Each structure stands twice: as C-alpha cells, then as structure tokens.
>>> print(open('work_24.txt').read())   # compact mmCIF, C-alpha atoms
# COMPACT_ATOMS: atom_id res chain seq x y z
CA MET D 1 0.00 0.00 0.00
CA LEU D 2 1.16 3.49 -0.98
CA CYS D 3 0.42 6.90 0.53
CA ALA D 4 -1.85 8.79 -1.87
CA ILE D 5 0.01 12.09 -1.28
CA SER D 6 3.62 10.86 -1.50
CA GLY D 7 3.30 7.71 -3.63
CA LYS D 8 5.67 5.95 -1.22
CA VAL D 9 5.13 3.17 1.31
CA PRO D 10 4.08 5.07 4.46
CA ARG D 11 6.16 4.91 7.62
CA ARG D 12 3.13 5.71 9.81
CA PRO D 13 0.01 4.76 7.83
CA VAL D 14 -3.37 6.33 8.55
CA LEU D 15 -6.76 5.88 6.91
CA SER D 16 -8.91 8.87 6.12
CA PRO D 17 -12.51 7.66 6.69
CA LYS D 18 -13.79 10.22 4.16
CA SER D 19 -11.66 9.17 1.17
CA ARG D 20 -11.12 5.61 2.53
CA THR D 21 -7.49 6.11 1.48
CA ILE D 22 -4.14 5.46 3.16
CA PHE D 23 -1.83 8.41 3.85
CA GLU D 24 1.34 9.13 5.76
CA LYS D 25 0.32 10.28 9.24
CA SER D 26 2.44 13.45 9.24
CA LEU D 27 1.33 14.51 5.74
CA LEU D 28 -2.38 13.96 6.44
CA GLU D 29 -2.29 15.54 9.91
CA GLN D 30 -0.44 18.61 8.59
CA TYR D 31 -2.81 18.90 5.61
CA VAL D 32 -5.80 18.82 7.96
CA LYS D 33 -4.20 21.25 10.42
CA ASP D 34 -3.74 23.71 7.55
CA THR D 35 -6.88 23.17 5.43
CA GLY D 36 -9.46 21.34 7.53
CA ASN D 37 -10.22 19.13 4.50
CA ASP D 38 -9.50 15.62 3.25
CA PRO D 39 -6.84 15.87 0.50
CA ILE D 40 -8.75 13.72 -2.04
CA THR D 41 -12.45 14.47 -1.45
CA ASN D 42 -12.05 18.03 -0.05
CA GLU D 43 -14.65 16.99 2.53
CA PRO D 44 -14.23 18.45 6.03
CA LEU D 45 -12.08 16.17 8.20
CA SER D 46 -10.97 16.40 11.83
CA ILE D 47 -7.79 14.99 13.36
CA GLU D 48 -9.85 12.94 15.83
CA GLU D 49 -11.64 11.21 12.93
CA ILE D 50 -8.35 10.02 11.37
CA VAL D 51 -8.00 6.28 11.99
CA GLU D 52 -4.31 5.57 12.49
CA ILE D 53 -3.48 2.12 11.14
CA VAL D 54 -1.39 -0.02 13.49
CA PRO D 55 1.25 -2.14 11.72
CA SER D 56 0.45 -5.32 13.62
CA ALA D 57 3.27 -6.98 15.54
CA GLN D 58 1.52 -10.11 14.27
CA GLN D 59 2.28 -9.02 10.69
CA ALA D 60 6.01 -9.13 11.50
CA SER D 61 5.67 -12.48 13.28
CA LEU D 62 3.63 -13.85 10.33
CA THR D 63 6.29 -12.79 7.83
CA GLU D 64 8.76 -14.66 10.04
CA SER D 65 7.04 -18.06 9.69
CA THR D 66 6.23 -17.59 6.03
CA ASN D 67 9.34 -19.47 4.84
CA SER D 68 12.02 -17.41 3.10
CA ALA D 69 11.16 -19.62 0.11
CA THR D 70 7.59 -18.25 0.09
CA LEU D 71 8.72 -14.61 0.41
CA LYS D 72 11.39 -15.12 -2.28
CA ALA D 73 8.75 -16.89 -4.36
CA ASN D 74 7.67 -13.91 -6.48
CA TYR D 75 4.30 -15.67 -6.80
CA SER D 76 1.03 -15.57 -4.91
CA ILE D 77 -1.67 -18.18 -5.47
CA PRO D 78 -4.24 -15.37 -5.99
CA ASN D 79 -1.93 -13.80 -8.60
CA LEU D 80 -1.22 -17.17 -10.25
CA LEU D 81 -4.95 -17.96 -10.41
CA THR D 82 -5.76 -14.50 -11.81
CA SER D 83 -3.03 -14.91 -14.44
CA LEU D 84 -4.46 -18.31 -15.42
CA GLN D 85 -7.94 -16.75 -15.60
CA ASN D 86 -6.69 -13.89 -17.79
CA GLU D 87 -5.05 -16.47 -20.05
CA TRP D 88 -8.27 -18.50 -20.19
CA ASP D 89 -10.29 -15.38 -21.06
CA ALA D 90 -7.81 -14.42 -23.78
CA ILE D 91 -7.78 -17.93 -25.28
CA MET D 92 -11.60 -18.04 -25.22
CA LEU D 93 -11.70 -14.76 -27.15
CA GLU D 94 -9.05 -16.13 -29.53
CA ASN D 95 -10.98 -19.36 -30.17
CA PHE D 96 -14.15 -17.32 -30.79
CA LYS D 97 -12.34 -15.08 -33.29
CA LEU D 98 -10.75 -18.15 -34.90
CA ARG D 99 -14.14 -19.78 -35.46
CA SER D 100 -15.66 -16.56 -36.85
CA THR D 101 -12.67 -16.07 -39.17
CA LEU D 102 -12.68 -19.68 -40.36
CA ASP D 103 -16.37 -19.38 -41.31
CA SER D 104 -15.80 -16.12 -43.19
CA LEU D 105 -12.79 -17.68 -44.95
CA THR D 106 -14.81 -20.72 -46.03
CA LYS D 107 -17.51 -18.50 -47.53
CA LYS D 108 -14.83 -16.39 -49.26
CA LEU D 109 -13.07 -19.50 -50.61
CA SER D 110 -16.35 -20.76 -52.12
CA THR D 111 -16.94 -17.35 -53.74
CA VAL D 112 -13.42 -17.19 -55.19
CA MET D 113 -13.77 -20.74 -56.55
CA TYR D 114 -16.93 -19.68 -58.39
CA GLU D 115 -15.11 -16.62 -59.77
CA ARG D 116 -12.18 -18.78 -60.91
CA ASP D 117 -14.47 -21.19 -62.75
CA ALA D 118 -16.33 -18.28 -64.41
CA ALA D 119 -13.02 -16.80 -65.59
CA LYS D 120 -11.93 -20.20 -66.94
CA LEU D 121 -15.23 -20.49 -68.83
CA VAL D 122 -14.87 -17.02 -70.40
CA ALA D 123 -11.26 -17.81 -71.37
CA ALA D 124 -12.13 -21.19 -72.91
CA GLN D 125 -14.98 -19.61 -74.89
CA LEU D 126 -12.72 -16.86 -76.28
CA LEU D 127 -10.10 -19.50 -77.19
CA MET D 128 -12.70 -21.61 -79.01
CA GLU D 129 -13.93 -18.54 -80.92
CA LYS D 130 -10.31 -17.69 -81.82
CA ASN D 131 -9.54 -21.17 -83.20
CA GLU D 132 -12.73 -21.41 -85.31
CA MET G 1 -27.83 -20.92 -21.27
CA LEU G 2 -24.19 -20.71 -22.35
CA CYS G 3 -21.88 -17.78 -23.01
CA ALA G 4 -21.80 -17.10 -26.75
CA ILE G 5 -18.00 -16.78 -26.53
CA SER G 6 -16.92 -19.59 -24.19
CA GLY G 7 -19.74 -22.11 -24.70
CA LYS G 8 -19.71 -22.67 -20.92
CA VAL G 9 -22.27 -21.82 -18.26
CA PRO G 10 -21.45 -18.23 -17.19
CA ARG G 11 -20.57 -17.20 -13.65
CA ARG G 12 -21.60 -13.54 -14.04
CA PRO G 13 -24.12 -13.59 -16.90
CA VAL G 14 -24.62 -10.40 -18.90
CA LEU G 15 -26.81 -9.50 -21.88
CA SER G 16 -25.69 -7.43 -24.82
CA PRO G 17 -28.62 -5.15 -25.75
CA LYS G 18 -27.46 -5.18 -29.40
CA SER G 19 -27.20 -8.93 -30.11
CA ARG G 20 -29.66 -9.76 -27.29
CA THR G 21 -27.22 -12.55 -26.39
CA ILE G 22 -25.88 -13.90 -23.08
CA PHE G 23 -22.15 -13.69 -22.33
CA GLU G 24 -19.77 -14.07 -19.44
CA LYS G 25 -19.17 -10.60 -17.98
CA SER G 26 -15.36 -10.73 -18.15
CA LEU G 27 -15.27 -11.99 -21.75
CA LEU G 28 -17.79 -9.48 -23.11
CA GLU G 29 -16.20 -6.56 -21.24
CA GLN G 30 -12.79 -7.50 -22.67
CA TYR G 31 -14.11 -7.87 -26.24
CA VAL G 32 -15.95 -4.52 -26.03
CA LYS G 33 -12.92 -2.76 -24.53
CA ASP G 34 -10.77 -4.11 -27.38
CA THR G 35 -13.11 -3.62 -30.36
CA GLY G 36 -15.84 -1.21 -29.17
CA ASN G 37 -18.31 -3.56 -30.90
CA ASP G 38 -20.67 -6.41 -30.05
CA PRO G 39 -18.91 -9.69 -30.98
CA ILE G 40 -21.91 -11.08 -32.92
CA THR G 41 -23.65 -8.17 -34.66
CA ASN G 42 -20.47 -6.02 -34.79
CA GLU G 43 -22.73 -3.09 -33.84
CA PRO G 44 -21.03 -0.47 -31.61
CA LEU G 45 -21.48 -1.29 -27.91
CA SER G 46 -20.32 0.37 -24.68
CA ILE G 47 -19.59 -1.36 -21.37
CA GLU G 48 -22.32 0.71 -19.67
CA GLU G 49 -24.90 -0.54 -22.20
CA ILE G 50 -24.25 -4.11 -21.03
CA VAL G 51 -27.11 -5.40 -18.86
CA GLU G 52 -25.84 -7.50 -15.96
CA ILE G 53 -28.36 -10.30 -15.40
CA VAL G 54 -29.28 -10.72 -11.74
CA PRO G 55 -29.44 -14.43 -10.81
CA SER G 56 -32.42 -15.44 -8.70
CA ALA G 57 -31.66 -17.02 -5.33
CA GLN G 58 -32.62 -20.39 -6.83
CA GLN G 59 -30.07 -19.83 -9.61
CA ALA G 60 -27.33 -18.85 -7.14
CA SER G 61 -28.07 -21.91 -5.00
CA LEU G 62 -28.14 -24.10 -8.13
CA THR G 63 -24.78 -22.82 -9.39
CA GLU G 64 -23.20 -23.34 -5.96
CA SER G 65 -24.86 -26.74 -5.44
CA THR G 66 -24.04 -28.13 -8.90
CA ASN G 67 -20.41 -27.05 -8.46
CA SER G 68 -20.40 -28.38 -4.87
CA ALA G 69 -22.20 -31.68 -5.46
CA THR G 70 -20.11 -32.70 -8.46
CA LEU G 71 -16.72 -31.41 -7.26
CA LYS G 72 -17.40 -33.11 -3.88
CA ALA G 73 -16.25 -36.46 -5.27
CA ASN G 74 -12.88 -35.03 -6.43
CA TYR G 75 -12.58 -31.93 -4.23
CA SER G 76 -9.00 -32.63 -3.09
CA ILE G 77 -6.57 -29.93 -4.24
CA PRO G 78 -4.50 -32.56 -6.15
CA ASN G 79 -7.58 -33.66 -8.10
CA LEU G 80 -8.53 -30.04 -8.74
CA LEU G 81 -5.06 -29.30 -10.14
CA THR G 82 -5.09 -32.44 -12.30
CA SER G 83 -8.51 -31.54 -13.70
CA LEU G 84 -7.32 -27.99 -14.43
CA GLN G 85 -4.33 -29.34 -16.38
CA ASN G 86 -6.54 -31.73 -18.37
CA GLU G 87 -8.98 -28.92 -19.19
CA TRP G 88 -6.12 -26.69 -20.34
CA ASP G 89 -4.91 -29.50 -22.61
CA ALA G 90 -8.43 -29.87 -24.04
CA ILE G 91 -8.60 -26.13 -24.77
CA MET G 92 -5.10 -26.11 -26.30
CA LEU G 93 -6.01 -29.04 -28.57
CA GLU G 94 -9.11 -27.16 -29.74
CA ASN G 95 -7.12 -23.96 -30.36
CA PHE G 96 -4.47 -25.93 -32.27
CA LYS G 97 -7.09 -27.64 -34.44
CA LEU G 98 -8.69 -24.26 -35.18
CA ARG G 99 -5.36 -22.61 -36.06
CA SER G 100 -4.29 -25.56 -38.24
CA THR G 101 -7.57 -25.51 -40.16
CA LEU G 102 -7.33 -21.74 -40.66
CA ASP G 103 -3.75 -22.05 -41.96
CA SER G 104 -4.65 -24.85 -44.39
CA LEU G 105 -7.71 -22.96 -45.64
CA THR G 106 -5.67 -19.76 -46.03
CA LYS G 107 -3.09 -21.56 -48.18
CA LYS G 108 -5.89 -23.06 -50.30
CA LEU G 109 -7.63 -19.68 -50.65
CA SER G 110 -4.36 -18.05 -51.73
CA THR G 111 -3.89 -20.74 -54.38
CA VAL G 112 -7.44 -20.36 -55.73
CA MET G 113 -7.12 -16.56 -55.77
CA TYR G 114 -3.93 -16.78 -57.83
CA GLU G 115 -5.72 -19.18 -60.20
CA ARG G 116 -8.66 -16.77 -60.55
CA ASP G 117 -6.43 -13.81 -61.38
CA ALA G 118 -4.37 -15.90 -63.83
CA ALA G 119 -7.58 -16.91 -65.60
CA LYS G 120 -8.86 -13.32 -65.75
CA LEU G 121 -5.53 -12.22 -67.25
CA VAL G 122 -5.50 -14.99 -69.87
CA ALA G 123 -9.11 -14.17 -70.80
CA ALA G 124 -8.29 -10.48 -71.28
CA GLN G 125 -5.26 -11.37 -73.42
CA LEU G 126 -7.30 -13.69 -75.65
CA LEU G 127 -9.92 -10.95 -76.05
CA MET G 128 -7.22 -8.51 -77.16
CA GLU G 129 -5.71 -11.02 -79.61
CA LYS G 130 -9.19 -11.66 -81.06
CA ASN G 131 -9.97 -7.96 -81.49
CA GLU G 132 -6.71 -7.15 -83.33
CA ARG B 425 5.64 2.71 -77.10
CA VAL B 426 3.32 0.36 -75.19
CA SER B 427 2.88 1.70 -71.66
CA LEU B 428 3.09 -1.07 -69.07
CA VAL B 429 0.88 -0.89 -65.96
CA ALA B 430 1.31 -2.99 -62.82
CA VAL B 431 -1.70 -5.17 -62.06
CA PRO B 432 -2.25 -4.94 -58.27
CA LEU B 433 -2.64 -8.49 -56.98
CA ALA B 434 -5.27 -8.15 -54.22
CA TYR B 435 -3.66 -11.03 -52.27
CA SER B 436 -0.84 -9.13 -50.49
CA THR B 437 -2.31 -10.34 -47.17
CA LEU B 438 -2.23 -14.02 -48.24
CA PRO B 439 0.69 -16.49 -48.39
CA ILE B 440 2.11 -17.02 -51.89
CA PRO B 441 0.88 -20.37 -53.29
CA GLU B 442 3.14 -23.08 -54.67
CA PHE B 443 3.93 -23.47 -58.36
CA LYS B 444 1.91 -25.89 -60.47
CA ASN B 445 4.39 -28.62 -61.45
CA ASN B 446 2.40 -29.58 -64.61
CA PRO B 447 1.00 -26.38 -66.19
CA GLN B 448 -1.28 -27.90 -68.85
CA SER B 449 -2.81 -24.57 -69.95
CA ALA B 450 -2.14 -20.91 -70.65
CA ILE B 451 -4.03 -20.15 -67.42
CA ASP B 452 -1.66 -22.40 -65.44
CA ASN B 453 1.38 -20.74 -67.05
CA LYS B 454 -0.05 -17.33 -66.14
CA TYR B 455 -0.59 -18.62 -62.59
CA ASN B 456 3.02 -19.80 -62.32
CA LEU B 457 4.19 -16.44 -63.69
CA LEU B 458 2.14 -14.58 -61.07
CA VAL B 459 3.55 -16.88 -58.37
CA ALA B 460 7.11 -16.24 -59.59
CA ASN B 461 6.49 -12.48 -59.60
CA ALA B 462 5.05 -12.63 -56.06
CA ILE B 463 8.04 -14.66 -54.84
CA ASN B 464 10.39 -12.10 -56.42
CA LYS B 465 8.16 -9.20 -55.18
CA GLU B 466 8.04 -7.98 -58.81
CA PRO B 467 4.80 -6.39 -60.04
CA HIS B 468 2.97 -8.16 -62.87
CA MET B 469 3.29 -5.74 -65.79
CA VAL B 470 0.62 -5.75 -68.51
CA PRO B 471 -0.05 -3.47 -71.50
CA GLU B 472 -2.43 -0.61 -70.66
CA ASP B 473 -4.98 -1.98 -73.19
CA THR B 474 -5.21 -5.27 -71.29
CA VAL B 475 -6.68 -3.48 -68.23
CA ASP B 476 -9.73 -2.50 -70.31
CA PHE B 477 -10.06 -6.00 -71.71
CA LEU B 478 -9.87 -7.21 -68.09
CA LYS B 479 -12.83 -4.99 -67.22
CA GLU B 480 -14.85 -6.52 -70.07
CA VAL B 481 -13.89 -10.07 -69.03
CA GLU B 482 -15.01 -9.26 -65.47
CA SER B 483 -18.37 -8.14 -66.88
CA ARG B 484 -18.76 -11.47 -68.71
CA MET B 485 -17.74 -13.45 -65.60
CA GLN B 486 -20.41 -11.66 -63.54
CA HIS B 487 -23.13 -12.77 -65.99
CA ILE B 488 -21.81 -16.33 -65.68
CA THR B 489 -21.67 -16.40 -61.85
CA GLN B 490 -25.23 -15.01 -61.56
CA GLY B 491 -26.69 -18.40 -62.54
>>> encode(input="work_24.txt", output="structure tokens")
Amino acid sequence: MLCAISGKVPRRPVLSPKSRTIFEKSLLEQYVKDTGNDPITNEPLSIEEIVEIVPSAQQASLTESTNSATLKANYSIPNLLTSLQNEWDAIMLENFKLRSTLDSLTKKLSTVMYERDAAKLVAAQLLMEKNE
Amino acid sequence: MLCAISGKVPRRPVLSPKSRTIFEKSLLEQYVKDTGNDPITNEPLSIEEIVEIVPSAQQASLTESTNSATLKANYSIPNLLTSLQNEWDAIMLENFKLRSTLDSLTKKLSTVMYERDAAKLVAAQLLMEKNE
Amino acid sequence: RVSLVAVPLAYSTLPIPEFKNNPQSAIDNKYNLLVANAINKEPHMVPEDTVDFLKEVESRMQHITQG
C-alpha cells in the first residue's frame, strides 16, 4: 500500500474515513491542520476522525514463519490464479475469433472458386472462338 | 444458457442489448474494450450498455450446489489441479485444431485466388488477340 | 511505345501459393508467372490496353456467376 500524497510506502500509515485512502500520518495531519479538509475528497475532516493504522506486531511475526522460500517466491496463489484466468479469457476470445474467421474464410473461398471457374469459362470460350 | 463466446455456463451472466445474447461478464467486457463492438452483430457497444443479469436465489443456490455436489467427489486440491491441467490440454487441442484448419484454408484460398487472377488475365489477353 | 501498368494483386495479405508442377494450360502458365512475380516481389506488368479488356472479361464473368 502506498500513501496517496507521497506515492511511497508510508512509515506511519493512517486511513482517512472520508476518502477511505491510506496516507502518511504526518502529511495527512499537517494537511488537515492547515486546510481542515481531506486531501482527495475536499470533505471536512478532523484529526480525531483520522483512523491511524497499526502495523500489527503479528504481521512481523507472520512474515517470520512464512518461509524465506515463500517470500522469495515472487508468486502468490491469488496472482497465479488470476493470471491463469486472464489467459483463459484471452484464449476463449481467440478461439471465438478463430471460429468466426474460419467461417468467413470458407464462404470467401467458395466465392473465389466460383469466380475462378467463371473466368476459366470465359477464357475457354474466347479461345474456341479464336480457333474457329 | 451458455456464453456465446466460451460455450460454458457463465458465472456472471450479462446480456448485450445489441445482439440480445448472453455472455460471461469478463469476456464481453474484454471484447468490447478491445473492439468497441458487439462480438456477434459487430454493432457499436459500450460497457455501460451491457445489462448484468441478476441471478435469482434459486439460480445462485443451483450454481453453488451443482459445483459443490459434483466437485465433492474429487474436491482434493490434487484432483482439482489435475482436472485444471486436463482442461487446459483440451482447450489447447481445440485452439491448435482451429489454427491448423485456418492455416490450411488460407493456403488453399491463396492458391485459388492466384488461379482466378491468372484466368482473368489470360481471358483479357485472348480478347485482345481476337480484337486485333 | 506500349505503356506497361502494374496489375495490383489483391492477395498481399495471403501467403504465396506453390507453383503448379504440370502447367497444362495458358491459365496455369499465367498462374506460375504470377507466383514467380510474387516470390520475387516484382509487379505483374501488362499493356495498358489489357486493363480494359480485363474490365470486359469481369463483366462477362459476372453474368456467368449469376446463374
């Protein structure tokens, strides 16, 4: 999560309840102390309403027992699944477009075959008239 | 009812108001965002014009209970993963068949088109030689 | 001077077909010549008169294909 003012990972994260957005505590508090407004919605906001997020000590202890393998694994099962879903969606669209194209191409091929045979007939007739 | 793109039972059914056809939400939204058109009629369609179909509570319970009751016999993660792989292989076989057929037809079409133009040319040349 | 004009082969988006190994007719020779030109990327040059005879041949072909 990134602070919406700084675009950096906050060192003391807070949630504005108005914008439902994470900010750096100092930045948000100072902005409110100057303007009295939420920096995204421009709604009135008070320092008491700001919900400071606590970085849980449990979060640290949970990133301990997640094996170094699983933190070095630049994969998450959610992200893997979503990638597989996006692939499936894309391949479904591709197969649809393939079918539609193949049908159009069959109809076109039939048309061109009729045109070829008509050209051959005109040519043969002109040749016959030239030899007589 | 099946999605007109995937041929599967949708999970978030939507109706195009142009084609009056049912699709999976994700597929139709992607196709519209790419082409700006309805995939069947090719009429221009926006994502806001899509009508999301609300499933009745009997439909929601049926989708959950069909999934549940039939996955229940093979609900182990290892069986899920094996089924996923087999389904991917099935899709990839279908895509390969489609692509192969399109390639073969395209080569044939190209041949026939060259034959048609060759015949038209020979006809025109015979007509010239007969009018001299 | 006979002005030569390049006949635009409409098939630029399609893969060049193989040669006919036994060209039994003038049409098949013309086909092989078109294929050779496409392989070489050369335009197929024809006399300017031939383009008008091509238009007349196309008119006859239409009457045939309407059956």
>>> calpha_fit_rmsd(input="work_24.txt", fixed="chain G", moving="chain D")
18.3 Å
>>> closest_residue(input="work_24.txt", among="B:491, B:474, B:465, B:483", to="residue B:433", atoms="only C-alpha atoms")
B:465
>>> closest_atom_pairs(input="work_24.txt", of="chain G", to="chain B", cutoff="6 Å", atoms="all atoms listed in the file", output="Markdown table")
| residue | atom | partner | partner_atom | distance |
| --- | --- | --- | --- | --- |
| G:110 | CA | B:438 | CA | 5.7 |
| G:111 | CA | B:441 | CA | 4.9 |
| G:115 | CA | B:455 | CA | 5.7 |
| G:118 | CA | B:455 | CA | 4.8 |
| G:119 | CA | B:451 | CA | 5.1 |
| G:122 | CA | B:451 | CA | 5.9 |
| G:124 | CA | B:478 | CA | 4.8 |
>>> interface_residues(input="work_24.txt", of="chain G", to="chain D", cutoff="8 Å", atoms="all atoms listed in the file", output="number ranges by chain")
G: 5-6, 26-27, 31, 95, 98-99, 101-102, 105-106, 109, 112-113, 115-117, 119-120, 122-124, 126-127, 130
>>> atom_distance(input="work_24.txt", atom1="atom CA of residue G:76", atom2="atom CA of residue D:72")
26.9 Å
>>> atom_distance(input="work_24.txt", atom1="atom CA of residue G:1", atom2="atom CA of residue D:82")
24.9 Å
>>> atom_distance(input="work_24.txt", atom1="atom CA of residue G:45", atom2="atom CA of residue G:17")
8.4 Å
